[PDB]
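One-letter residues, chain by chain:
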Amino acid sequence: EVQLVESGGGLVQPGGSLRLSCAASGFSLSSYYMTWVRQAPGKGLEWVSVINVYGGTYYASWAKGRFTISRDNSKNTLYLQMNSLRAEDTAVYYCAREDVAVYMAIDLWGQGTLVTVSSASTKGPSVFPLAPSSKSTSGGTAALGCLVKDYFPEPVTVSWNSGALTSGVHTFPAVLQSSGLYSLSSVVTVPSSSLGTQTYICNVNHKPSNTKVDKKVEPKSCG
Amino acid sequence: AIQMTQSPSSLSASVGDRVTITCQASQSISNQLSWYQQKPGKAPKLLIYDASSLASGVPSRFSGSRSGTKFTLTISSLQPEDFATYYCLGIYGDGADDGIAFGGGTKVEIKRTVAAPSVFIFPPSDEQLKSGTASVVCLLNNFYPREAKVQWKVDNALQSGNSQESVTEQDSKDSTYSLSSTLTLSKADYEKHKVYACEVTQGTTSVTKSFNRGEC
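Residues numbered from 1 in each chain as written, not as in the entry; some residues may be left out. Chains lettered and ligands numbered in written order. Heavy atoms only, no water.

This entry, as listed in the PDB, derives from X-ray crystallography and reports a resolution of 2.87 Å.

In the annotation of the PDB entry, chain B is listed under the name QX006N-Fab-LC and assigned to Homo sapiens. For this entry, the PDB record gives the title as "The crystal structure of QX006N-Fab".

In the nomenclature of the PDB entry, chain A corresponds to QX006N-Fab-HC from the organism Homo sapiens.

Quick look at the structure:
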């Protein structure tokens, strides 16, 4: 019932600007210290910025005068404006609530948003089917999936049957190919007798390009 | 100007072992140190605040202790759902002069008994062949340990420098893994052959799943 939802973020060219926002639900951020904390891919947590309950702003050495933290009390939203972004700035940025009066820690976070600073251009993914085969598949269980290939940048979100199929679903992490584009797969295991009567659609979402793909995976016969 | 030295970077243990993470402060932060846990794709969750105080809804097998500038997070009985990365956060007063410092992080893998994967193989679809590229994917579902020798054969000829592998994070229930091996070729190289196979070797066992073009 208490949430911090972050929006903004995606592909940004070096030297370009971006603005991230963090909407609070269930409380007023005007009564707490607020913080932005980043994490580069496969690395640790790096403190970025803090805003006070009075409005006082503290920044880090590497981001002094380059970033700007703010909050709108009417809209009850935190903001981070980034202006001179470099390649070492690509990271997942998190919005967090600091409880200095009791915990002296961070008691509330939001899901991160990925900011990618690169000179490459945005490209949508191709979604091919990993079709289930005949009833020669390790008994009564079958394997099917979707191959999401040739997209940029991260991230991509996959789901099955609009979120109705979750068990036995594996969405693999993305792999950077030689071409500079990403590629992954998402597989799900189902009972073999489900094929033919139950439909299986993977839902690929690529917000950096505002692209959404729904591919119905159907069995491939023999003959 | 304060730094948090966390140790170790990673560690493996079995279900029930007692594991210890240490955090060293550059100066003295008094008690303003907190421990957090982060699972893949998720934001960290506050485990411990003020060095040795438990949070709301955190099991008692997580404990925190202080000795001057050395802080210790202990998991008394490791459970299959503790697979994560653990961080310490120390704040010198108000955070000024980089007073807010995170630790380097500790990735906690889980040791369990060997489990064999279920191996599936998917040929490239015709929709993908229309574009002059073929990706054949070999899936390894629910295996342990993460180590696995996945090789590709085309007409019983071994391939190298031609595929890419991707591993899931350790399952939060049965501490298992899933692996995908994608072998990429041109349309011509795919038409030049018939029998394709991936062989997974896991110790003394090596199971090969195959398919031949055209026939089924």
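Asks: Please give an account of the overall build of chain A that cites residues and values.
Replies: From N to C terminus, chain A includes 0 helices and 19 strands. In terms of its C-alpha atoms, chain A occupies a principal-axis envelope of roughly 70 × 40 × 30 Å. A buried classification covers 48% of the 223 residues belonging to chain A. In the structure as shown, chain A presents an accessible area of about 10,200 Å², 49% of it carried by carbon and sulfur atoms. The positive charge centre, built from 17 side chains, and the negative charge centre, built from 13, are 7 Å apart in chain A. (Helix = DSSP H or I, 4+ residues; strand = E, 2+ residues; numbered from the N terminus. Buried < 20%, exposed > 50% of the residue type's maximum accessible area, 1.4 Å probe, protein only. Areas by Shrake-Rupley, 256 points an atom, 1.4 Å probe, with all protein chains shown as cover. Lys, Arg positive; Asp, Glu negative; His and termini not counted. Charge placed at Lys NZ, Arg CZ, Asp CG, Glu CD.)

Asks: How would you explain the pattern of salt bridges if you had to name every residue and give the values?
Replies: Enumeration over the complete set of coordinates arrives at 16 salt bridges over all chains. Two residues, A:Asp107 and A:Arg97, come together in a salt bridge whose shortest N-O distance is 2.6 Å. Remark: A:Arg97 occurs in strand β9 (residues 91–99) and A:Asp107 occurs in strand β10 (residues 105–109); sequence separation between them is 10 residues. With a relative accessible area of 29%, A:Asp107 lands in the partly exposed category. Of the charged contacts in the structure, one is a salt bridge between B:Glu81 and B:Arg61, with a shortest N-O distance of 3.8 Å. A residue pair is termed long-range when its members are at least 10 positions apart, and B:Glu81 in the loop between β8 (70–75) and β9 (85–91) and B:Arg61 in the loop between β6 (53–54) and β7 (62–67) qualify at 20 residues. For B:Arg61, a relative accessible area of 17% corresponds to the buried category. (Salt bridge = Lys/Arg side-chain N within 4 Å of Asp/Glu carboxyl O.)

Asks: Summarise the interface of chain A and chain B; cite the residues concerned and give the values.
Replies: By convention, interface size is frequently given as the accessible area that disappears when the constituent parts associate. Across the contact, 43 residues belong to chain A and 39 residues belong to chain B. Our count for the chain A to chain B interface comes out at 2 salt bridges. Across the pair A:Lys220 and B:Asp126 runs a salt bridge, and its minimum N-O distance is 3.4 Å. Summed over the shared surface of chain A and chain B, the result is 11 residue pairs in polar contact. (Contact = heavy atoms within 4.5 Å. Polar contact = N/O pair within 3.5 Å; in protein donor to acceptor, adjacent residues only side chain to side chain.)

Asks: Hey, could you go over the domain arrangement of chain A for me, with residue numbers and the actual values?
Replies: Each domain of chain A was delimited in the assignment, giving domain 1 (3–117) and domain 2 (126–217). The straight-line distance from the C-alpha centre of domain 1 of chain A to that of domain 2 of chain A is 32 Å. (Domains from an automatic or database assignment.)

Asks: So, the environment of A:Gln111: which residues are in play, and what are the values?
Replies: Residue and element names in this part refer to chain A. With respect to the helices and strands, the residue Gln111 is situated in the loop between β10 and β11 (113–117). Residues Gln111 and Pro125, 14 residues apart in the sequence, show an inter-C-alpha distance of 23 Å. Residues within four places of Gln111 in sequence aside, it is in contact with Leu4, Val5, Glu6 and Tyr94. A polar side-chain atom of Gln111 sits 2.9 Å from the main-chain carbonyl oxygen of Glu6.

Asks: So what's going on with the pairing of strand β19 (residues 205–212) of chain B? Residues and values would help.
Replies: Residues and elements named next belong to chain B. Relative to β19, strand β18 (residues 195–202) runs antiparallel, the two being bridged by 8 bridges. Directly across from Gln202, in β19, lies its bridge partner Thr205. From the end of β18 to the start of β19, which pair antiparallel, there are 2 residues, and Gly203 there has a positive phi angle of about 80 degrees. (Pairing = 2+ DSSP bridges.)

Asks: Got a sec to walk through the nonpolar core? Specific residues and values, please.
Replies: In summary, soluble globular proteins display a tendency toward joint burial of nonpolar side chains. In terms of nonpolar packing, the biggest core is built from 46 residues, with A:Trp109, B:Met4, B:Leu33, B:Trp35 and B:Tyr86 touching the most fellow members. Here this core gets 5 residues from one element, more than from any other, and that element is β9(B). Apart from the residues within four sequence positions on either side, B:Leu33 is in contact with B:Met4, B:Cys23, B:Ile48, B:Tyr49, B:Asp50, B:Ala51, B:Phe71, B:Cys88, B:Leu89 and B:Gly90. Of all hydrophobic cores here, the second largest spans 26 residues; its members include A:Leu4, A:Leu29, A:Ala91 and A:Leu108. (Core = buried A, V, L, I, M, F, W, Y, C linked by side-chain atoms within 4.5 Å.)

Asks: Account for the pairing of β11(A), naming residues and giving values.
Replies: Residue and element names in this part refer to chain A. Of all the 5 residues making up β11, 5 are buried; the element is thus mostly covered by neighbouring parts of the structure. Going residue by residue along β11, you find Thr113, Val115 and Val117 tucked away on one face and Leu114 and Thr116 tucked away on the opposite face as well. Where strand β2 (residues 11–12) and β11 come together, 2 bridges link them in parallel fashion. Bridge assignment links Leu11 to a residue of β11, and that residue is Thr116.

Asks: For unusual backbone geometry, give the residues involved together with the corresponding values.
Replies: As a rule of thumb, non-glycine residues mostly have phi less than zero, and peptide bonds are mostly trans rather than cis. In this structure, A:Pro153 follows A:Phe152 across a cis peptide bond, with omega equal to 0 degrees. Among the structural elements, A:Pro153 can be located in the loop between β13 (141–151) and β14 (157–160). Its identity is not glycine, yet B:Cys216 carries a phi of approximately 55 degrees, on the positive side. By the secondary structure assignment, B:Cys216 is in the segment after β19.

Asks: So, the domain arrangement of chain B: which residues are in play, and what are the values?
Replies: Residue and element names in this part refer to chain B. Entries for chain B in the domain assignment read domain 1 (4–111) and domain 2 (118–212). Relative placement of domain 1 and domain 2: their C-alpha centres are 38 Å apart. Each partner contributes residues to the interface: domain 1 has 8 residues there, and domain 2 has 8 residues. Counting the surface lost from both domain 1 and domain 2, the interface buries some 640 Å², and carbon and sulfur atoms represent 47% of this. Looking only at domain 1, the three residues that lose the most surface to domain 2 are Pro80, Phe83 and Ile110, adding up to 60% of its buried area. Linking domain 1 with domain 2 are 1 salt bridge. Among the ionic pairs, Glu169 bridges to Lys107, the shortest N-O distance being 3.8 Å. In the side of domain 1 that touches domain 2, the residues fall into 4 nonpolar, no polar and 4 charged. (Buried area = accessible area lost by both parts, 1.4 Å probe. Nonpolar A, V, L, I, M, F, W, Y, C, P; charged D, E, K, R; others polar.)

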